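Peer 1: In their complex positions, the first chains:
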Amino acid sequence: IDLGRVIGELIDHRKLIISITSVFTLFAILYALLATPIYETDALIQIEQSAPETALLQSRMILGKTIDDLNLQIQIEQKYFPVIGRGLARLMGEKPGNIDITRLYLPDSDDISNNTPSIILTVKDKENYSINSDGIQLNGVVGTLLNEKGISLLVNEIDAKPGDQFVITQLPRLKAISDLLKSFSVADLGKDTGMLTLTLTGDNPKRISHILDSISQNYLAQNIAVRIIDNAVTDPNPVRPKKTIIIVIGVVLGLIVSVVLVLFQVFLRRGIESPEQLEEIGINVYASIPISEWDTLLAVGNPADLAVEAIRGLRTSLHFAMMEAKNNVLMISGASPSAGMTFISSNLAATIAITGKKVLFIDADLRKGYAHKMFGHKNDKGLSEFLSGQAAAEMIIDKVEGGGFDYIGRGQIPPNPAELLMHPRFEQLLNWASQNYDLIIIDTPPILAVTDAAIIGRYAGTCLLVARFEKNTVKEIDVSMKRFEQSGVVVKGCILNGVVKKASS
């Protein structure tokens, strides 16, 4: 391979790459701007060793004493319904509220799994509030204690707007100790000094400072029954999330996934890409019709389109190729349906009729042909009604309105098309028409699907295949060529279709 190919592929798939990278970067931005900030506080302790003290600091005794002092077993959570309500509330400048609780005791349901009882407190005003545990609504007031239904609760100094809601959970002492220990760290930083650095990470900038101060005071008072060089202070800059690295990771991940997806798509495409592939095998590509961005003939509605120019080029190629042929019958066929046989054949008939030569257009697609729909029709007495013998050769031929060439529609769909096409009346029709017209163009069904094309091809002076740009493959075209060879029909060449401009070319 070469760099030109990969650059062309990247340029071609720029839209997909940009879209994927943009969506990944947007997700990264949302996460980095909605994640709850996590502040870090630290303290410095002088030890008058330091390994046993490091192990003893994180013992459940000291942390439990601190939790009992600060009532860390009463979890209060401001309630936002979604997973992003807190982030947007912080972004909108909304001030988070807080409630000071000094006494809580829930009935302690203590089922198999949920060992943590919880209630919901809704703020009604600055003074009173509502409590619901399992739908049981009660009214309480700040100040006076509440002792009802096995629930004891004391509220002091509630600071929030009315209508706010808070989840109040009485989690077990061990769970609170584990939570505190999970975010609390100790280091020596000298490996021999009396200096110990204590670190605590949490989302409340003042609560973590108070907690670490309490931990240090408890440790010092326990030992005195060691000096605090630096009382705990909180860094105002959050340590998580790190927005810049998150955005960089998002952008890089988007680029990587876009690149690998583009590589997968490139290595999984098999369709034709240029007439060079067909010319390698030994097939003369007679044209390359581009896609027409424009139920009427393109060669009539928009005679100056690019596709009609390509078809005029094909007409000039044919005027020399179709010399010294045994007769003046051209058969346009294909490999797979919806390739362009009818489009190419009809437009070519129009472009050859506009030059003053009489043209006949036969729609021998007795299975799904719709030429009469595209030309304006008297659908009676098609090709079928002639082949079966219930019509003459004169009532089948009609005139296109904006064309200039005659046509013979299929007519009624027969039950035995391929068995009809073998009738000698078909050859009689072609022989009669060849003496009254300058050109006869026969449209046929695919050859990979049915065998009508190979039956008709015996009486065709020239035969041309039509290959779709991206859909068909070189293998399909080669198989079609060989299947025409076996049946005794010599294919002149191919005609690419549906071409679009690709930067990788």
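Peer 2: Now that the structure is in, tell me what you want to look at. Numbers count the residues shown, from 1 in each chain, chains lettered A, B, ... in the order given.
Peer 1: Please count neighbours and contacts with C-alpha atoms only from this point.
Peer 2: OK.
Peer 1: By residue count, tell me the biggest helix in chain A.
Peer 2: Using DSSP state H to define each element, chain A has its longest helix at helix A:243-267.
Peer 1: Remind me what that helix packs against, helices and strands.
Peer 2: Helix A:243-267 is packed against helix A:3-12, helix A:14-34, with contacts defined by 3 or more C-alpha pairs under 8 Å, 6 or more residues apart in numbering; DSSP states H and E.
Peer 1: for the longest one, packing partners?
Peer 2: Using 3+ C-alpha pairs under 8 Å, 6+ apart as the contact criterion, the elements in contact with helix A:14-34 are helix A:85-91, helix A:243-267.
Peer 1: What are the contacting residues of it?
Peer 2: A:84, A:86-88, A:91, A:241-243, A:246-247, A:250-251, A:253-255, A:257-259, A:262 (C-alpha atoms under 8 Å, 6 or more residues apart in numbering).
Peer 1: Name the strands paired with the helix or strand following it and say parallel or antiparallel.
Peer 2: Note on helix A:14-34: by DSSP states H and E, the next helix or strand toward the C-terminus is strand A:38-46. Here strand A:38-46 is paired, per DSSP bridges, with strand A:195-202 (antiparallel), strand A:227-240 (antiparallel).
Peer 1: Put together JSON lines for these, with mean neighbour count and distance to residue A:156 on each row.
Peer 2: As requested, the strands paired with strand A:38-46 are exported to JSON lines (neighbours: other C-alpha atoms under 10 Å; distance: least, C-alpha to C-alpha, whole Å):
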{"stretch": "strand A:195-202", "mean neighbour count": "21", "distance to residue A:156": "23"}
{"stretch": "strand A:227-240", "mean neighbour count": "16", "distance to residue A:156": "26"}
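Peer 1: Ok, which of these comes nearest residue A:365?
Peer 2: strand A:227-240 (69.5 Å; C-alpha to C-alpha).
Peer 1: got the angle between the closest one and helix A:14-34?
Peer 2: Interaxial angle, strand A:227-240 versus helix A:14-34 (axes from the mean of the first three to the mean of the last three C-alpha atoms, to 10 degrees): 150 degrees.
Peer 1: coming back round to it: switch the strands paired with strand A:38-46 over to a markdown table; also include distance to residue A:379.
Peer 2: As requested, the strands paired with strand A:38-46 are arranged in a markdown table below (distance: least, C-alpha to C-alpha, whole Å):
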| stretch | distance to residue A:379 |
| --- | --- |
| strand A:195-202 | 82 |
| strand A:227-240 | 76 |
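Peer 1: Next, residue A:420: phi, psi?
Peer 2: Dihedral angles of residue A:420 (phi, psi; degrees, to the nearest 10) stand at phi -70, psi -40.
Peer 1: Tell me the spacing between it and residue A:223.
Peer 2: Distance, residue A:420 to residue A:223, by C-alpha to C-alpha, to the nearest Å: 109 Å.
Peer 1: cool, residue A:55 as well?
Peer 2: Residue A:55 is 14 Å from residue A:223, by C-alpha to C-alpha.
Peer 1: contacts for stretch A:330-341?
Peer 2: By C-alpha under 8 Å, 6+ apart, stretch A:330-341 touches A:345, A:439-449, A:453, A:457, A:460-468, A:472, A:476-477, A:480, A:497.
Peer 1: if we go to 6 Å?
Peer 2: A:441-444, A:446-448, A:460, A:462-466, A:468 (C-alpha atoms under 6 Å, 6 or more residues apart in numbering).
Peer 1: Pull out the buried residues from it.
Peer 2: Residues of stretch A:330-341 classed as buried: A:330-336, A:339-341 (neighbour count, 16 or more other C-alpha atoms under 10 Å).
Peer 1: dump the residue contacts of the nearest residue to residue A:197 once chain neighbours are set aside.
Peer 2: Excluding the flanking residues, the one nearest residue A:197 by C-alpha to C-alpha, 6 or more residues apart in numbering is residue A:44, at 4.8 Å. Counting by C-alpha under 6 Å, 6+ apart, residue A:44 touches A:196-197, A:229-230.
Peer 1: Return the distance of residue A:44 relative to residue A:377.
Peer 2: 96 Å.
Peer 1: then chain B, please:
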Amino acid sequence: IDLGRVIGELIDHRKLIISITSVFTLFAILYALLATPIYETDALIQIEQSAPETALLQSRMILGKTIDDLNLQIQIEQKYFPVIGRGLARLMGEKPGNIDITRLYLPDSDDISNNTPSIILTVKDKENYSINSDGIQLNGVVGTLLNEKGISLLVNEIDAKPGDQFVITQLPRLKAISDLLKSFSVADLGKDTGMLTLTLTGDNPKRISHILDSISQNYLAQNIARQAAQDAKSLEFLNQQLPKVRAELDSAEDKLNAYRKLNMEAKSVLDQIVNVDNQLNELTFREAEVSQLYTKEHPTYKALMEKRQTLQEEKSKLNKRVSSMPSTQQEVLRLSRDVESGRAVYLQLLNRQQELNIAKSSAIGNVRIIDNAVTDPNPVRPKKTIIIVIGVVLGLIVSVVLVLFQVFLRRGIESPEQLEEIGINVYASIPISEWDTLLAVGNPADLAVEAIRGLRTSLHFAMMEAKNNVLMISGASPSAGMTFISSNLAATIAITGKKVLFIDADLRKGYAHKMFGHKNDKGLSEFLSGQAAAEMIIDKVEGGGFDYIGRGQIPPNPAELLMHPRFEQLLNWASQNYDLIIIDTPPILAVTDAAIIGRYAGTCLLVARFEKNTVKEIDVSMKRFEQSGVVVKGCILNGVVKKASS
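Peer 2: That brings us to chain B, laid onto the chains above:
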């Protein structure tokens, strides 16, 4: 190779890969949701070194003391019949029951292998229960002790629904110590500090906490005993008492020797009394030590006194039972009682002396318990997420390797390119027909009939300039499609207004007359043998349009019949009255009928099954036709299916 091939193979075998991965993931889910949870408890000990203490913690002395304290030698298992009953019971929210047992003693069968006696206790209500050891059913009640058939049992506070069953095993002390030590671990975590982390893993969240607490308390009390031992008179008391007990033991031994120079019930009650005496002596020592180091109102002391009362009750019952026995055995029973009691007390006092020396020679001034044992509510095993990930990855791996094995073990044809490489013109490729009647008649618009019409158009040009109008369809292996292709082709050529004759020259297993509607008399055999004319053999297909000649009766010498010149006369006569003659033949790799017939055939075509036959078989068939003087025009693939790997 290329990535396209492997992607195509994966897409083709998506069903197998998905099935295998799904079943493996289901098994992983079942294991991760049915495995018994294992909780972990831990404790933190301060050492006032730490390597000798690490070795001493896991010594049999401390663990044995803990087991004797907590009666860990009485294994109680809730009974579920299957290997998954416990998991589903836990999943269904069923509350597991428990029984508190303070005294158990089984008859101790003690055979060659099963040194662990066991019984089954079935819950009948909140109060009474049933006991079965080897089918012997007994009824007991919580509270009142049971002492029957050499079985002593005490039950307190049974909490389960009636109808539950429990296996009660009295496993040996050493086995219990090994089980406890297997799941118990100690670490230093500082390599120099006095901090030791003790870990214990078990399935009962409270029992493991109690066990680890007991271990820590025993270790601390053993270490601290030094301070309350140097001045303790227990040292001299033991130093004086031991010679007396040894002298008594020697006297009992001499008396037993003198009396010596085997009743099952007698020996059983002897062992019962020996056990009771051992428990009483050890309980007396434990009560003394607890009264020294604890208070009477402490629940442990009350447990000791109730156990002592129960032991006294059992001793009274055993004494009554002895009083019910003849004195001739009672004398030997008393002698054995004295000897065994002396031995047990001697060993117990030796242990007391050794433990006292252990305490006195203790160097650590005071070991402290920083953190009493607590249990993590989140189980440490099984780890569900990693189990599921491993299951999914294993399923993917086994599916991939199986697909690779199948891909590298296939040899059949896959595309007409393989046959065209060797130099064989593949004239068609008939797809499989998802639809005992001709396909070209029942469903004339099927894909296979379209492919056969393509073959007909190919033949109409191939069969030109041939020496006559006879076509011979043959094959390599049976059940390839010779009759299917030949009959359908005859139908599709007859529907175009050309007269067709169909000869079924498969004189061994031909069934054309079955598929066409038959007058089975006067087949091909009856003509070749000479017992029929050329006119009674030809019949008309009903929904066809072509004549046919069935095989008829199976002859004993088919290949020797086909060499008769009357066969050539028949073909020459038929060639002047029909537009086409199609002859079906048996395979050529199996028999030689095809090569005999092929001399008079203008055109010959082989039929190759898609996946079954191989390029080698087709080449061998071509060469075997060449040797016999028959020129094969080409091949016809059959049974084609759409494969993504193409």
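Peer 1: In light of the added chain B, please revisit what packs on helix A:243-267.
Peer 2: The contact analysis (3 or more C-alpha pairs under 6 Å, 6 or more residues apart in numbering or on different chains; DSSP states H and E) places helix A:243-267 against helix A:14-34.
Peer 1: gap between residue A:265 and chain B?
Peer 2: Using C-alpha to the nearest C-alpha, to the nearest Å, one gets 12 Å for the distance from residue A:265 to chain B.
Peer 1: Ok, residue A:174 next?
Peer 2: Residue A:174 sits 8 Å away from chain B, going by C-alpha to the nearest C-alpha.
Peer 1: what do you get for residue A:117?
Peer 2: Between residue A:117 and chain B the computed distance is 16 Å (C-alpha to the nearest C-alpha).
Peer 1: repeat for residue A:167
Peer 2: Residue A:167 is 23 Å from chain B, by C-alpha to the nearest C-alpha.
Peer 1: which ones are touching that residue?
Peer 2: A:76-77, A:119-120 (C-alpha atoms under 6 Å, 6 or more residues apart in numbering or on different chains).
Peer 1: Just put the residues you listed in TSV and tack on neighbour count and secondary structure.
Peer 2: Converted to TSV, those look like this (neighbours: other C-alpha atoms under 10 Å in any protein chain shown; DSSP: H, G, I helix; E, B strand; the rest coil):
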residue	neighbour count	secondary structure
A:76	19	strand
A:77	15	strand
A:119	17	strand
A:120	20	strand
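Peer 1: could you pick out which of those are near chain B?
Peer 2: Filtering the contacts of residue A:167 for proximity to chain B by C-alpha under 6 Å from any C-alpha of the partner chain leaves nothing.
Peer 1: Next, give me the two most distant ones among the residues you listed.
Peer 2: Largest separation among those by C-alpha to C-alpha: A:77 and A:119, giving 10.8 Å.
Peer 1: Show me what counts as buried in the longest helix of chain A.
Peer 2: Of the residues in helix A:243-267, A:243, A:246-247, A:250-251, A:253-255, A:258-259, A:262 count as buried by neighbour count, 16 or more other C-alpha atoms under 10 Å in any protein chain shown.
Peer 1: helix or strand right after that helix?
Peer 2: helix A:275-281.
Peer 1: Just the buried positions in that following helix, please.
Peer 2: The neighbour-count check on helix A:275-281 (16+ other C-alpha under 10 Å) flags A:275, A:278 as buried.
Peer 1: Beyond it, next helix or strand please.
Peer 2: Downstream of helix A:275-281, the first helix or strand assigned by DSSP H and E is strand A:285-290.
Peer 1: For chain A, what lies in contact range of chain B?
Peer 2: Applying C-alpha under 6 Å from any C-alpha, we find that chain A lies next to chain B at A:52, A:451, A:486-487.
Peer 1: Can you flag the buried ones in the residues you listed?
Peer 2: With burial judged by 16+ other C-alpha under 10 Å, the buried subset of the residues of chain A next to chain B is A:52, A:451, A:486-487.
Peer 1: Setting aside sequence neighbours, what's the nearest residue to residue A:486?
Peer 2: Spatial nearest neighbour of residue A:486, excluding adjacent residues (C-alpha to C-alpha, 6 or more residues apart in numbering or on different chains): residue B:458 at 5.6 Å.
Peer 1: Give me the neighbour count for the residue in the stretch 251-400 of chain A positioned nearest to chain B.
Peer 2: Residue nearest to chain B within the stretch 251-400 of chain A: residue A:268 (7.0 Å; C-alpha to the nearest C-alpha). Residue A:268: 12 surrounding residues under other C-alpha atoms under 10 Å in any protein chain shown.
Peer 1: Where does the closest residue to chain B within the stretch 51-200 of chain A fall, secondary structure wise?
Peer 2: Using C-alpha to the nearest C-alpha, the closest approach of the stretch 51-200 of chain A to chain B is made by residue A:52 at 5.0 Å. Following DSSP H and E, one finds residue A:52 within helix A:51-57.
Peer 1: Touching that helix from outside, list them.
Peer 2: Applying C-alpha under 6 Å, 6+ apart, the contact partners of helix A:51-57 are residue B:193.
Peer 1: Which positions within that helix qualify as buried?
Peer 2: By 16+ other C-alpha under 10 Å, the buried positions in helix A:51-57 come out as A:51-57.
Peer 1: Kindly indicate whether residue A:442 is helix, strand or coil.
Peer 2: Classification of residue A:442 using DSSP: H, G, I helix; E, B strand; the rest coil returns strand.
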